Amino acid sequence: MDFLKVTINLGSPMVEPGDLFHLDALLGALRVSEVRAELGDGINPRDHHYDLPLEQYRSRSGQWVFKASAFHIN
RNA sequence: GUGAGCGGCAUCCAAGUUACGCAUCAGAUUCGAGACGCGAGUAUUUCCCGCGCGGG
């Protein structure tokens with residue numbers, strides 16, 4: 001519902017990802033961190049990492065992907 | 001549930017042995033403790049400096 005550009009600045013060098021580093025993956029990890037903070041460590045991580053503020057793209061075969069590009073490494 | 005999560009560059013090792021700051025070189029040439037303190041000139045006022053008195 002709104003096009004955005006997420007920019008992250010590093011204070012320490014990161015591990016260069018071997019494969020794609022997706023924005024939705026990081027957002028899901030942070031959301032799971034929030035759910036852990038509120039509830040605890042007994043939560044199922046798979047029950048909360050889809051509750052992200054990103055809209056989804058669905059193809060013909062029903063395959064859907066979050067609308068968040070993989071992070072650009074410069 | 002960030003191709004995530006988890007993971008000691010760590011252990012051991014002599015900078016050491018030997019080596020003359022030494023040989024040579026005038027602090028010399030000239031010159032006095034021996035000289036230097038008044039017995040030096042008349043009588044009573046003259047031009048003047050500060051102002052009766054200090055004073056050329």
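Up top you'll find the structure we're talking about.
Residues numbered from 1 in each chain as written, not as in the entry; some residues may be left out. Chains lettered and ligands numbered in written order. Part of a larger assembly, values for the part shown. Heavy atoms only, no water.

A. Region of the structure containing the packing of aromatic side chains. Applying the stated rule across the entire model yields 4 aromatic pairs. With a centroid separation of 5.2 Å and an interplanar angle of 80°, the aromatic rings of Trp-64 and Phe-66 are classed as edge-to-face. On the accessibility criterion, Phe-66 (11% relative accessible area) is buried. Of the aromatic side chains, those joined through ring pairs into one cluster are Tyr-50, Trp-64 and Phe-66. (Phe/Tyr/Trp six-rings, centres within 6.5 Å; stacked < 30°, edge-to-face > 60°. Buried < 20%, exposed > 50% of the residue type's maximum accessible area, 1.4 Å probe, protein only.)

B. Here's a closer look at helix α1 (residues 23–38). In this model α1 runs 23 Å from its N-terminal to its C-terminal C-alpha over 16 residues, within 8% of the 22 Å that 1.5 Å per residue would give. Among all positions of α1, only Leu-23, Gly-28, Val-32 and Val-35 are buried. Relative to the axis of α1, the buried residues are bounded by an arc of 165° and lie together on one face. (Helix = DSSP H or I, 4+ residues; strand = E, 2+ residues; numbered from the N terminus. Expected span 1.5 Å × (residues − 1). Arc of directions from axis to C-beta.)

C. Molecular detail of the pattern of salt bridges. Scanning the model with the defined rule gives 4 salt bridges in all. Residue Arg-31 is joined to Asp-51 by a salt bridge in which the shortest nitrogen-to-oxygen separation is 3.9 Å. Of this pair, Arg-31 sits in helix α1 while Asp-51 is found in the loop between α1 and β1 (56–58), placing the two residues 20 residues apart along the sequence. Since its relative accessible area comes to 25%, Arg-31 is described here as partly exposed. Across the pair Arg-36 and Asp-41 runs a salt bridge, and its minimum N-O distance is 3.9 Å. Under the relative-accessibility criterion, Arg-36 is labelled partly exposed at 31%. Each of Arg-31, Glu-34 and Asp-51 takes part in salt bridges that share partners, so that together they form one network. (Salt bridge = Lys/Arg side-chain N within 4 Å of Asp/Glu carboxyl O.)

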